Structures are given as structure tokens and as C-alpha cells.
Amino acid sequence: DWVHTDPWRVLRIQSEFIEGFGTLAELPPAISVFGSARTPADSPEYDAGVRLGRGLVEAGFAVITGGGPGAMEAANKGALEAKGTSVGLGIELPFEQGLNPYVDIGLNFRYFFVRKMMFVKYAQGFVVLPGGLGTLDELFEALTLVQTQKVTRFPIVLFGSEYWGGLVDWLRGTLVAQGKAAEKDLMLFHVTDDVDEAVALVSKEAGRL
């Protein structure tokens, strides 16, 4: 009754921001990592995320994920192995769930847009492992944030040139070519297959503001 009204909505929304600002205020410099929730632990892609997490911690960063399995877990796990600060920000879903075992500091948000915002405010760059719809979501959000000057010194690194190449050809081939985007917009992200270059690009471009 009262719980489906805008006055109650504002109070719940605002309390999630307070919970996010409070919990994340004193985080060190971070990078948000995204990727497939489905990636199996036996995989090379999984190993890359473990390697990526480890290398981001070595570069001074905390690592933030969605707290789920697959590539998220891999990156959190690597951040732990390296003795870094491992963060997970979950979204409450209809199914039963839980933050992955390698997350040290976590929150759950009910509101999709509050959580989204946390990923960008408390990080200074994004790394994107091969992933699904939710991964594409955050990828393109970051790209429009950078293109519209709502974040600065915000590197966006795509990992896996064969995985992402098809999308990249369509961005150039269709979007840029029809003037939906400019050719300078394609330089807002980088693509690589080497975990050390992913980290170096991010270290060079993020933060120090």
C-alpha cells in the first residue's frame, strides 16, 4: 500500500546511497571489472581474470566487481591472492544468490541505478573481460559517460581481441560510417590480449586528479 508510493521510494533509494557512500567512502583507488557470470573456473578466460585481479592490485588498485561467479569471482580471487582490497557490489534478484567467496567488502543494492553509479564513482577505470548482456551494459554506459564528459581520466580496456573484434568492426563499419559516432569515440577504449598491457594502459590513464 504505502510501500508502492513515491514518498517511500525516495526514502529507500536515498538510504541505499547512504549505505553506498558510507561503505565506500574510504576505498583506495579502484578499477571496476566486468565479465561473464558464466565463465567456468577451468577456463583460460577465468585464469585471465585471476591474473588481471592480481596485476591491478600490484598497480595500486582495489578491484571492484558485481560479486557474482565466473569472471567476477576470478578478478576478486586474484585481488585476494595479491593481498589487495577485493570489493563486490551485488544487485538483489528474484533468484537466491550470494556474494562470491573472494569478496572482502560487499554490499547488495535493490536499485539497479544506485549500484551502477557506485561502480563509476568509486573507480577510476573499467576493465571488460569477455561477457554477456550485463557486461555490454556497463561497457556502453562508461563509454557515454566519457564521451559526454561526466568522468575524466577513465580508461576502458576490453580484454580479448577475437571476442570483441566483431563488435568493434560493427562500431566502425556501421555506427562511425553512418555518423552515429565519430572516429575519435573509438579511441575512448583499448583492446588487448595481454594482461600486463591491460594493466599498463589502465595505470597510465586512470586517476591522479
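So that there is no doubt, residue numbering starts at 1 and follows the sequence shown.
**Student:** On average, are the C-alpha B-factors higher in 59-67 or in 161-169?
**Tutor:** Comparing averages over the C-alpha atoms only gives 161-169.
**Student:** Which of the two stretches, 110-118 or 90-98, shows the higher mean Cα temperature factor in the record?
**Tutor:** Looking at the recorded C-alpha B-factors, 90-98 comes out higher on average.
**Student:** Could you check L145, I31, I156, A181 and tell me which one carries the biggest Cα B-factor in the deposited entry?
**Tutor:** Of the candidates given, the C-alpha B-factor peaks at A181.
**Student:** Reading the B-factor column of the entry, which of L201, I13, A25, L186 has the highest value at its C-alpha atom?
**Tutor:** Of the candidates given, the C-alpha B-factor peaks at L186.
**Student:** Ordered by C-alpha B-factor within the chain, which third holds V191? Give me lowest, middle or highest, please.
**Tutor:** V191: CA B-factor falls in the middle third of its chain.
**Student:** What third of its chain, lowest, middle or highest, does the C-alpha temperature factor of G35 fall into?
**Tutor:** CA B-factor rank for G35: lowest third.
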